[PDB]
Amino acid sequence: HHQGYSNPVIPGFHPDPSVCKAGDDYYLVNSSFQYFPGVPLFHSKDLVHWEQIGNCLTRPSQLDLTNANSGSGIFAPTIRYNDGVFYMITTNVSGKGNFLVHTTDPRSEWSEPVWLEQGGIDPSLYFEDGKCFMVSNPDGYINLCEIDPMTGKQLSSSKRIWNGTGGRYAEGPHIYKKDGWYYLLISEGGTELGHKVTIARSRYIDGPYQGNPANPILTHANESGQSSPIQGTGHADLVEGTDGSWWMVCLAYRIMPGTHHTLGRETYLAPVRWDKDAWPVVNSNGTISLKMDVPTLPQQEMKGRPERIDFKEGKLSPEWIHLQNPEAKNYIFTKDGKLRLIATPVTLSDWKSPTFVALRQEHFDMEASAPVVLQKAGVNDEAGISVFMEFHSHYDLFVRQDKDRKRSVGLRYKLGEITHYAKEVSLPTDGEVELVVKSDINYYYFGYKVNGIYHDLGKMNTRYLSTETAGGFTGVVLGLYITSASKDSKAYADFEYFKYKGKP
């Protein structure tokens, strides 16, 4: 196919996209905040269909997430390719700030961090004439310097080059050179409903820069975007097509009733007209749509998330994520190919890493389920599935060990000072329990199946887990977890599979 695609191109929690072209291959990275591994890494041949090939930050030495939460950890990343080397540059705001890692093979383990001198966030690199130029946004000014990207040494003084058109929170700077102009693209307006992309240019990389009279080049903040199901379009990165066409990846989100979003900021694609000696124009009127009826590069489908993920390979795919730095020894694979989680007393509301491993929710309408076999449990030990936004904002569905060798299914909502037990239901002595979470745009629905019978446990509003309600920079994840109620506990839980099916 050479025509038409659906947005978002990477659904669910995938913000701040940056992309690079390496020959006929495209590589893309997203911000990941408090989650480990960090900086998911995607590959495409057409900019539409993406396979997650790994993550850039896969080892604790690359990624200290001590006390990280949805408002901290890893912020926007940028990926670049130059002279056979890939660079990923980002900020760990919970740690030592701006750094990069590099590799000659994106599928391998990337380097240890190279810490950088210039401050602010949203660092980016541009290469020319054997030089490596870094931009970032300290004190709201886009600053430029030259660096040695292998040693981290700053080679020239930082220079303030632009501070945008006047909008709030000037960020996400990237430099491109085209038609003898240095173009400087940024985000303004904040990453909520006022998000916009603006652009300026200069004959000199160090300015002065003049803004495009047509700014902003992409936004749904104005009348033209007010009725769109997509809002908050911004944080773009321009990339060339294999046929000489132009494109941008950007973040946005899909709004829900009352102006909420729970799937995070996702990655979207837009075509760009960029004639010789002209300013770029994004999809004719600076808006994007869910159904994009436009010409594309020759399309090639990629592997996606299985509807039934099993653990027979004794490894988790790159899609799975933990909270902060996990205790690796508490995640093992059994001889018969189940995922075994080892209990600790850390709850999902402790602001520390629990025994917890999750997949991003990627559809409004979905069903997820897993069988749970809780073993060697003391009273009040529990294991199950959590619909998780933040340590103070999550819905937990679980099997619990009770006194006198009894067990129950519980449903608990954590919302700030509320911990609400919606249901506590006695289970039969025998029978494997499958826990089930469904959703539509309005509600999560909870249930369980045992001895061939499915039981409804009730429903809860989606809005209380939104970014607007809960705060932060992330989306809902669906996590398998286990928590013990004693230190003395030897409890563990086996999960034979994880099912996830989204409606397109």
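Residues carry their position along the shown sequence, with the first being 1.
A.B. asks: Please compare 431 to 439 with 457 to 465 and say which has the higher mean C-alpha temperature factor in the record.
C.D. replies: Between 457 to 465 and 431 to 439, it is 431 to 439 that shows the higher mean C-alpha B-factor.
A.B. asks: On mean Cα temperature factor in this entry, is 404 to 412 or 253 to 261 the higher one?
C.D. replies: Higher mean C-alpha B-factor: 404 to 412.
A.B. asks: Have a look at 339, 217, 230, 88 and flag the one whose Cα has the highest B-factor in the entry.
C.D. replies: In this record, 339 carries the highest C-alpha B-factor of the candidates.
A.B. asks: For the C-alpha B-factor as written in the entry, point me to the maximum among 267, 222, 78, 94.
C.D. replies: In this record, 94 carries the highest C-alpha B-factor of the candidates.
A.B. asks: Compared with the other modelled residues in the chain, in which third is the CA B-factor of residue 23?
C.D. replies: Tercile = highest for this residue's CA B-factor.
A.B. asks: How does the C-alpha B factor of residue 63 compare with the rest of the chain: lowest, middle or highest third?
C.D. replies: Within its chain, residue 63 is a middle-third residue by C-alpha B-factor, going by the deposited values.
A.B. asks: Taking the chain's C-alpha temperature factors as the reference, tell me which third residue 362 falls into: lowest, middle or highest.
C.D. replies: According to the entry, residue 362 has a C-alpha B-factor in the chain's lowest third.
A.B. asks: Thinking about Cα B factors across the chain, which third does residue 7 belong to?
C.D. replies: Its C-alpha B-factor, which the entry lists for residue 7, ranks in the lowest third among residues of this chain.
A.B. asks: So where's residue 247 on the chain's Cα temperature factor ranking, which third?
C.D. replies: Middle third.
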